[PDB]
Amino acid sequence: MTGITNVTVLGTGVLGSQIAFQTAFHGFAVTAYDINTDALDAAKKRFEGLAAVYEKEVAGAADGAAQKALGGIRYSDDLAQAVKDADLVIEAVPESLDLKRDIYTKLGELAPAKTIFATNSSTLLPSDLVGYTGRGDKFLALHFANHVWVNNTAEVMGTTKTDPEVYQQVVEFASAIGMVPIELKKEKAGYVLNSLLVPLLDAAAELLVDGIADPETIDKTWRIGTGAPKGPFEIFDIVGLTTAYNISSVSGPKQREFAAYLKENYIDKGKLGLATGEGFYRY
């Protein structure tokens, strides 16, 4: 047949760069798109960093293989040229409705008929975007996790409009780039992982904010009770407290009470979690 060969990634931020690099590392012809030459310069820095991480952390990356993947990546700040022969476009632009709306409007026009579109969006449903694409049969979500080389799940989630054959092609692509395809059958805000994790972290937050128990007690209870390696608060530190704060602040009232607790006790003290070396725990 034909299969996916040319992949364009829109956006070269934290996830955009990991997606493009993982994809290049697995032999696909990757184009990295971003808005201007300065953004593309930064993208190149991220790729060089990722090549270094892979050579130390990823099977098969040693002895120049990651550096070769680095060298094969194409850079473009011209959307029309970036997607001109694209089999797959993975959209990883900022989590902005209007910004994504603008992109898919243009993308739908500029991209050849064959091109499959996939959003990496965490908070926007593909149904919120499918309209702006102009090709609902070729639109779906392909959702990655930060540090794709280790957290290698790829959540595949389409709309009722998505073409079954497109879906399966994206599933095969995901396996081809070393991911574990997590196949959703219907749209769900938060996909699978976030749908499972948020309720756990919310329950932990509630226990803390209502003064039922301290973080350490809550965590050891979870590790002993389920055999899990890390408790909810260790997980908060990994997620990053700034991130947890933002998410909780736009959630229910109990979670908003947690946000204030984070803001007062951690964020305002510079204790942001694993990143700064200290959050609920000191590292």
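All residue numbers are counted from 1 along the displayed sequence.
When 121-129 is weighed against 187-195, 121-129 comes out higher, by mean CA B-factor as recorded in the entry. Between the stretches 236-244 and 252-260, it is 252-260 that shows the larger average CA temperature factor.
By the numbers in the PDB entry, the CA B factor is greatest at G64 among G64, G231, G60, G49. Within the group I182, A203, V89, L79, the record's highest C-alpha temperature factor is found at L79. Among all modelled residues in this chain, the alpha-carbon of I35 has a temperature factor (C-alpha) in the highest third. Among all modelled residues in its chain, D219 ranks in the lowest third by Cα B-factor. Residue-level temperature factors show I19 in the lowest third of its chain, judged at the C-alpha atom. Sort the chain's modelled residues by C-alpha temperature factor and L140 lands in the middle third, per the entry. When the modelled residues of the chain are ordered by C-alpha B-factor, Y167 sits in the highest third.
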